[PDB]
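Each remark here refers to the structure printed beneath this line.
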Amino acid sequence: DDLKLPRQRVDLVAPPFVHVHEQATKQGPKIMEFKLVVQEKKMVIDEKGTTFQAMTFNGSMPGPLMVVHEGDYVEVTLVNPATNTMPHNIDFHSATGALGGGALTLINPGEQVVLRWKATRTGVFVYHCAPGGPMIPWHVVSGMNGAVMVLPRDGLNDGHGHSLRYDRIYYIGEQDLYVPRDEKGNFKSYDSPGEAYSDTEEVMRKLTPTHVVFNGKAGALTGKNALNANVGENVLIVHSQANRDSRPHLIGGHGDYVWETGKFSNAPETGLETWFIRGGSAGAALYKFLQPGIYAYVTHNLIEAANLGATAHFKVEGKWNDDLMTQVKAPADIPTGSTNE
Amino acid sequence: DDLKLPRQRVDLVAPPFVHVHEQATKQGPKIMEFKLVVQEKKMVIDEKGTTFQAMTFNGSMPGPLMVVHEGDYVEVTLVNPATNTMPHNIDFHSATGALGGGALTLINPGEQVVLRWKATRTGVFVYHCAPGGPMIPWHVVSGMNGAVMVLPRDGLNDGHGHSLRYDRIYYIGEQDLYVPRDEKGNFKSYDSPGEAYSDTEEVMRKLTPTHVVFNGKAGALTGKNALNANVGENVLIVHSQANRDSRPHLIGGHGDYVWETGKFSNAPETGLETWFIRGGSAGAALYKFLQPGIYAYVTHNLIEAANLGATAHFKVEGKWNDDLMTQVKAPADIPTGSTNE
Amino acid sequence: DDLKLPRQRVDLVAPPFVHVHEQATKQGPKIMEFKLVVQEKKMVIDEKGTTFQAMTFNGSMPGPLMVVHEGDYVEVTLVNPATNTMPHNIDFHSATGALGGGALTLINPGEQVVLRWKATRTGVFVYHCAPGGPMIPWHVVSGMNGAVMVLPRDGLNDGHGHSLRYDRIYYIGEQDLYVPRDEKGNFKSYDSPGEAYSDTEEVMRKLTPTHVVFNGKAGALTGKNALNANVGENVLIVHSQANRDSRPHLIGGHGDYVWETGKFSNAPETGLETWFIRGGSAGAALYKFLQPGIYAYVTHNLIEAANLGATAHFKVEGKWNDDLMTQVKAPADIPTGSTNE
Ligand SMILES: [Cu+2]
Ligand SMILES: [Cu+2]
Ligand SMILES: [Cu+2]
Ligand SMILES: [Cu+2]
Ligand SMILES: [Cu+2]
Ligand SMILES: [Cu+2]
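Protein chains in written order, with this note's numbering: chain A, 2 to 342; chain B, 2 to 342; chain C, 2 to 342.
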């Protein structure tokens with residue numbers, strides 16, 4: 002029985018940016034058409050140049066953020082070009098049935114498949130590859146995961162009948178990586194994903210990542226690729242982790258409204274310091290910037306953040322508010338008449 | 002001052018099934034009588050046949066689910082037969098005082114004890130052995146844990162004054178295990194729990210399980226022992242973890258109503274993808290099945306799920322709903338006129 | 002533009018105790034003045050006498066609890082005496098801007114600095130040192146963390162318009178420690194924090210603590226330093242963890258009202274068995290004691306609690322309530338006419 006709705010093709014963009022979309026809409030349901038192309042490739046994952054045999058949707062870690070509204074249909078063309086070596090598929094945590102779509106999307110190199118799922122559940126959700134058995138964790142921790150956001154047609158709200166609107170949106174995908182080391186402790190390089198598998202599985206079994214990165218590599222979202230904002234902007238930060246828990250924190254800020262389980266049928270929590278993304282989920286936080294300067298966005302296992310790669314920066318333009326915070330006295334020698342014991 | 006209420010003896014059943022009970026009741030408070038018999042025994046824990054020196058309530062990992070109503074008294078006879086080697090006791094997280102009952106239930110082999118506790122707190126709760134000191138974690142991670150559910154007398158509700166009723170209930174106990182390996186990496190076998198202790202404690206101290214299993218072994222709830230359901234059934238899934246965090250996910254489904262901290266005085270969250278069972282707790286999720294087929298129920302550390310044992314299956318009978326999900330085009334060769342870069 | 006409010010100097014006290022304060026107040030906003038003095042020193046961290054090169058605020062792990070009200074200004078003098086070897090600073094998760102104050106408070110040995118921040122967000126919050134880069138996790142896991150509580154001016158409430166008042170307050174700071182071992186497995190000793198750094202960073206990178214302690218050492222809050230209470234008292238337990246998740250549980254009790262994300266703009270959850278402190282946060286639980294005796298307060302990874310140091314005790318005076326719990330029959334030989342199979 003053919004589905005007779007308007008069709009809209011969406012052009013995906015690389016994270017941490019997001020394709021153009023409406024928050025609130027008075028459009029009715031549409032068939033929203035997306036294409037994802039699997040790419041297996043070697044990628045650089047840290048500031049010392051360590052390489053890694055990655056597997057990706059659309060060439061990025063994370064895969065791109067897809068944005069639709071409640072009641073839309075999502076028609077995904079998944080493509081596995083013949084230059085790839087492995088079968089792949091896709092599981093949407095937003096979707097109902099057939100292992101999230103994985104049981105309908107297994108494609109060999111040289112094949113494509115078209116899946117349609119109805120967006121009946123609001124929130125941010127993980128999507129990931131899941132070919133079967135031990136291949137499931139391996140494909141996910143090799144980079145084959147992203148997220149989808151299903152907005153209410155009226156946009157976000159505070160759970161108390163007040164509209165919330167973001168000025169800007171970023172998608173932070175966090176990736177735990179398991180890179181083998183040689184006897185001297187140096188990271189090993191491989192010529193293919195298959196050649197890396199046996200040694201990688203041994204690291205995976207001990208459940209301790211070697212790297213924890215945002216946007217696919219240590220330092221990806223620092224320096225020139227810091228995330229921009231302005232004082233007064235309400236920024237939505239979508240965070241996903243397909244395999245392992247995370248505890249996001251905006252250093253110098255807060256989560257004004259946080260959906261840490263990521264589902265917009267639930268009222269957000271207010272005024273959080275640190276929130277929790279359970280492995281296998283996406284969450285989202287709104288924050289209105291009140292001060293200019295550098296902010297560090299981390300997982301608040303600080304060892305992970307500083308030493309394994311999991312720090313992003315915001316660079317925020319505007320005027321400093323000395324009422325909220327001020328340096329009353331700059332660093333100075335301790336007065337000779339001081340005690341301090 | 003004798004307690005003059007009606008008495009009701011309950012026959013426990015092995016997980017993942019649950020003894021017969023009423024959801025809503027107009028019976029008044031009763032003294033609900035349960036018996037738990039400690040059994041120390043070697044058990045098989047994985048598909049390669051690895052054995053393990055287990056310690057159990059009633060011969061199973063997890064121990065059986067006990068179900069009562071708010072205001073009931075729970076009178077537990079704990080039995081430690083003389084074939085066992087160790088003292089044991091029981092701590093109910095549902096109970097008030099004396100370390101949950103552990104300080105009133107320490108029994109040597111050849112002894113039994115009778116504890117009564119009032120079910121003043123609604124929810125699902127862990128129970129576990131806790132003899133003292135380093136024996137506490139060792140007995141728990143050797144299998145001595147289960148759960149109890151204290152229903153409201155009116156049954157479950159959505160926290161917004163609507164009744165919720167399940168058609169079916171399953172109890173998923175998740176167990177982290179710490180099995181020693183020899184120099185070549187093979188799992189070691191022992192002739193008694195005491196002989197296994199020193200080597201096991203060394204693995205425990207590094208806080209990384211060798212196995213993470215549902216119902217006591219890898220594959221316990223797959224194949225012929227898959228969990229049955231039907232399209233349209235509302236299924237309650239109780240999940241416990243006495244020692245370590247878990248992140249349950251129903252692959253191809255959702256949590257319609259989830260009490261992730263497990264306590265029915267709190268409204269459930271709606272429409273979750275993945276929830277979080279904090280170590281030392283039980284939680285519960287309702288889901289109404291909408292699609293037939295195989296579902297995988299996992300902890301969404303996919304390494305744990307696929308490679309350390311933590312996958313169950315549901316086999317769901319009914320009619321496929323192509324409105325919720327459909328394969329628009331089956332796998333096919335990528336069209337020669339395609340780009341895809 | 003000078004801030005013309007009354008000033009009040011607060012004398013901090015060592016955890017787990019808390020400086021005197023009012024819960025509800027009709028005082029207007031004040032400038033609340035605190036002093037923190039960094040102390041680097043060797044400390045004993047376990048019952049076998051293992052030493053550790055610690056770095057502290059005010060000589061304690063955790064640093065002391067600071068208590069203010071919503072709308073107060075907090076003026077902190079941070080002092081780094083010239084006997085210390087390292088630069089230090091302070092980041093308040095309660096504060097807005099400049100990395101929580103860290104970007105305005107970096108002081109060398111022999112210097113002090115004065116920071117003022119407005120307490121615009123209610124809750125319990127972590128504070129910690131964060132000098133920059135890999136020094137951030139190292140200073141935090143060396144002991145440089147504490148907490149601040151920002152009460153509503155009307156005191157706590159249940160989120161349903163009922164006042165909650167505590168009779169007693171304790172602050173439990175949990176610390177994950179990473180102590181190097183020699184080839185034979187013995188803990189290594191060092192003559193300075195700098196000498197310990199390289200070996201410590203190697204342990205930190207594997208993300209598995211050697212010790213998990215409350216109030217700075219295994220057994221700190223047991224024996225003669227058990228926490229006192231009485232039957233009928235409502236006790237607030239503030240719990241912080243600056244780097245790593247925790248799952249608090251009061252053995253033999255409950256959390257009557259729990260703010261596990263720690264922020265008093267959110268209604269507490271009721272009747273919890275175990276709650277969850279995400280690393281990089283503080284939470285709080287109220288409990289009204291109903292039974293006398295010993296209670297153990299743990300993180301409910303029982304391996305951490307029993308074997309790595311993370312157990313406190315409450316000693317509760319009062320009368321036992323046999324309605325809530327009773328030993329119906331003391332331990333006795335299993336009757337000869339018993340079955341039990
Ligand atoms: Cu794949
Ligand atoms: Cu998944
Ligand atoms: Cu036992
Ligand atoms: Cu317990
Ligand atoms: Cu410091
Ligand atoms: Cu911090």
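No residue lacks a Cβ here, since even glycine has one placed at the ideal position from N, Cα and C.
Proximal residues to residue i (C-beta, below 6 Å), its chain only, five neighbours per side dropped
{"i": "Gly60/A", "result": "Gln40"}
{"i": "residue 1/B", "result": "A question about residue 1/B goes unanswered here, because the residues of chain B that appear run from 2 up to 342."}
{"i": "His240/B", "result": "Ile173, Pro249, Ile278, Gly284"}
{"i": "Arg245/C", "result": "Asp177, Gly280"}
{"i": "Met150/C", "result": "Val68, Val125"}
{"i": "residue 1/B", "result": "Shown here, chain B extends from 2 to 342; a query on residue 1/B therefore has no answer."}
{"i": "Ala15/C", "result": "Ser61"}
{"i": "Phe315/B", "result": "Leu228, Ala230, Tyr296"}
{"i": "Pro30/C", "result": "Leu6, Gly72, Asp73"}
{"i": "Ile137/A", "result": "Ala131"}
{"i": "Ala99/B", "result": "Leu105"}
{"i": "residue 369/A", "result": "Here chain A covers residues 2 to 342 and nothing more, so residue 369/A does not appear."}
Beta bridge counterpart(s) of residue i as assigned by DSSP
{"i": "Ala25/C", "result": "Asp155/C"}
{"i": "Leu287/B", "result": "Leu237/B, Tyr258/B"}
{"i": "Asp92/C", "result": "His129/C"}
{"i": "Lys42/A", "result": "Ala55/A"}
{"i": "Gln242/C", "result": "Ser282/C"}
{"i": "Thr86/A", "result": "Answer is none; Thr86/A lacks a bridge partner."}
{"i": "residue 347/A", "result": "The first residue shown for chain A is 2 and the last is 342, placing residue 347/A beyond what the model contains."}
Cutoff 8 Å; reference residue i; Cβ partners in own chain excluding five residues on either side
{"i": "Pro135/B", "result": "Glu202"}
{"i": "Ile335/C", "result": "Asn341"}
{"i": "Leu325/B", "result": "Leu291, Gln292"}
Cut-off 7 Å between Cβ atoms - residues of its own chain near residue i, not counting five sequence neighbours on either side
{"i": "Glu196/B", "result": "none"}
{"i": "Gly156/A", "result": "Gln24, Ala25, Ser164, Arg166"}
{"i": "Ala221/C", "result": "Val214, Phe215"}
{"i": "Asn85/C", "result": "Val39, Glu41, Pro110"}
{"i": "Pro293/A", "result": "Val232, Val317, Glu318, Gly319, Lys320, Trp321"}
{"i": "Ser266/A", "result": "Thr123"}
{"i": "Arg182/B", "result": "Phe188, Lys189"}
{"i": "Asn158/C", "result": "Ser164, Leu165"}
Residue i (DSSP reduced to helix, strand or coil)
{"i": "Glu305/C", "result": "helix"}
{"i": "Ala297/B", "result": "strand"}
{"i": "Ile335/B", "result": "coil"}
{"i": "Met136/B", "result": "helix"}
{"i": "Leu13/A", "result": "coil"}
{"i": "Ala313/A", "result": "strand"}
{"i": "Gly101/B", "result": "helix"}
{"i": "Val19/C", "result": "coil"}
heavy atom of ligand 8 below 7 Å from residue i C-beta
{"i": "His89/A", "result": "Looking for ligand 8 in the displayed structure turns up nothing; the ligands present are ligand 1, ligand 2, ligand 3, ligand 4, ligand 5 and ligand 6."}
Mind listing which residues of the stretch 305–329 of chain C have their C-beta closer than 7 Å to chain A's C-betas, in chain order? Those would be none; no residue qualifies.
Residues of the stretch 83–97 of chain C in Cβ contact with chain A at a cutoff of 8 Å, in chain order, please. Listed by position along the chain: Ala83, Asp92, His94, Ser95, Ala96, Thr97.
Quick check on the DSSP output: what are the complete beta strand (DSSP E) runs of length 3 or more inside the stretch 174–236 of chain C, in order along the chain? For the beta strand (DSSP E) assignment, the uninterrupted runs of no fewer than 3 residues enclosed by the stretch 174–236 of chain C are, from N- to C-terminal side, 212–215, 228–231.
Proximal residues, the stretch 262–290 of chain C versus chain B, C-beta separation under 8 Å: Cβ contacts with chain B come from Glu270, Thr271, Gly272, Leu273, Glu274, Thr275, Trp276, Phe277.
Identify each residue in the stretch 102–121 of chain B for which the Cβ-Cβ distance to at least one residue of chain C is less than 9 Å, and report them in chain order. Within the stretch 102–121 of chain B, the residues whose Cβ lies closer than 9 Å to some Cβ of chain C are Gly102, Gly103, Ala104, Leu105, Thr106, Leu107, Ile108, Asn109, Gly111, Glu112, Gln113, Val114, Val115, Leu116, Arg117, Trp118, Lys119, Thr121, listed in chain order.
Anything in the stretch 144–178 of chain C with a Cβ closer than 8 Å to a Cβ of chain B? List those residues in chain order, please. Correct list: empty, as no residue qualifies.
Residues of the stretch 187–208 of chain C whose Cβ lies closer than 9 Å to any Cβ of chain A, in chain order: For the stretch 187–208 of chain C, which is checked against every Cβ of chain A, the residues closer than 9 Å are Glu202, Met205, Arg206, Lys207, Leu208.
At a CB distance below 7 Å, what residues from the stretch 63–82 of chain B approach chain C? Give them in sequence order. The residues in question are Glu76, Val80, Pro82.
Along the stretch 224–250 of chain A, what residues have a CB closer than 9 Å to any CB found in chain B? Those residues of the stretch 224–250 of chain A that come within reach of chain B (Cβ to Cβ, closer than 9 Å) are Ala243, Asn244, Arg245, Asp246.
Give me the subset of the stretch 128–141 of chain B whose CB atoms are less than 7 Å from a CB atom of chain C, sorted by chain position. Listed by position along the chain: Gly134, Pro135, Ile137, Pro138, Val141.
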